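In case you want the letters, here they are:
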Amino acid sequence: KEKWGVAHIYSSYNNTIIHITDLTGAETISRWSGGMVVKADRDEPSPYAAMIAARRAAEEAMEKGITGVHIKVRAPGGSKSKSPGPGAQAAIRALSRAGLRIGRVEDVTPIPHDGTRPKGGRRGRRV
RNA sequence: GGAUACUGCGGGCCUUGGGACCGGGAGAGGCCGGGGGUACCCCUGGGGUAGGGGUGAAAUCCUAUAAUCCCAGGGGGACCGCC
């Protein structure tokens with residue numbers, strides 16, 4: 001029989017997390033970060049690191065018996081940035097190549113109807 | 001002593017300036033009461049294993065008394081995105 005899961009991707013300017021669950025999101029299957037596959041902190045969001053972690057997670061999922069997968073991609077959002085990083089697309093293509101079938105794709109970046117104050121300081125960062 | 005255009009004083013008239021009223025509409029004008037929208041933070045439960053965050057690069061910091069991440073619930077305070 002064909003079973004479907006869900007891949008949550010959390011992408012940032014500093015790391016990428018790929019997490020595969022069942023359709024309910026209450027049972028976890030695999031979880032891999034860009035910091036498990038490199039040793040430089042400045043490479044955690046490299047799309048190659050993302051590809052590698054995606055491959056590991058996909059192979060573990062297949063071993064567990066997962067065939068299809070829906071996708072929810074996310075940036076931190078809220079008061080932080082609303083734009084994903086560059087590892088998300090890499091991870092998606094890597095999941096496709098690993099051998100899983102892909103279903104729906106959606107963005108779930110949480111966005112403020114009007115909310116809290118960000119960290120700048122009325123003048124932002126000045127480096 | 002004389003004159004009466006202008007100004008002042010006294011008395012009548014006018015509607016052009018201003019004010020009052022009727023009508024159908026506009027608008028984030030103000031105050032009061034009620035109902036909501038996402039997001040964020042804390043707590044409690046379930047899943048899961050080793051890093052998460054952060055930078056020009058890093059480290060102080062959180063983490064094995066189980067973090068980041070995913071799910072189900074409870075509470076609280078500010079704000080009202082796109083249009």
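Its PDB header names cryo-EM as the technique used to obtain the model and reports a resolution of 2.95 Å.

Where the PDB entry is consulted, chain A appears under the name 30S ribosomal protein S11, with the organism given as Thermococcus kodakarensis. In its PDB record the entry is named "Cryo-EM Structure of T. kodakarensis 70S ribosome". Turning to chain A, the UniProt annotation filed under Subunit states: "Part of the 30S ribosomal subunit." Among the UniProt annotations of chain A, the heading Sequence similarities holds the following wording: "Belongs to the universal ribosomal protein uS11 family."

Asker: What is the right way to read the protein's contact with RNA strand B from this model?
Answerer: The immediate surroundings of RNA strand B are formed by 26 residues, with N14, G25, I111, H113 and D114 found nearest. For RNA strand B, the fraction of atoms within 4 Å of the protein that belong to sugar or phosphate moieties is 65%. Contacts to RNA strand B include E44, whose side-chain N or O atom sits 3.5 Å from a base oxygen. At 2.9 Å from a sugar or linking oxygen of RNA strand B is found a main-chain nitrogen or oxygen belonging to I111. Broken down by secondary-structure element, the contributors of at least two residues to the surface near RNA strand B are β2 (16-22) and β3 (28-33). Looking at the surface near RNA strand B element by element, the count peaks at three residues for β3. Partitioned by chemical class, the residues of the surface near RNA strand B number six nonpolar, 11 polar and nine charged.

Cut-offs used in this document
- Residues numbered from 1 in each chain as written, not as in the entry; some residues may be left out.
- Chains lettered and ligands numbered in written order.
- Part of a larger assembly, values for the part shown.
- Heavy atoms only, no water.
- Residues with missing side-chain atoms left out of burial classes, pairs and counts.
- UniProt positions renumbered as here; feature names shortened; annotations may be inferred.
- Near = heavy atom within 4 Å.
- Polar contact = N/O pair within 3.5 Å; in protein donor to acceptor, adjacent residues only side chain to side chain.
- Helix = DSSP H or I, 4+ residues; strand = E, 2+ residues; numbered from the N terminus.
- Nonpolar A, V, L, I, M, F, W, Y, C, P; charged D, E, K, R; others polar.

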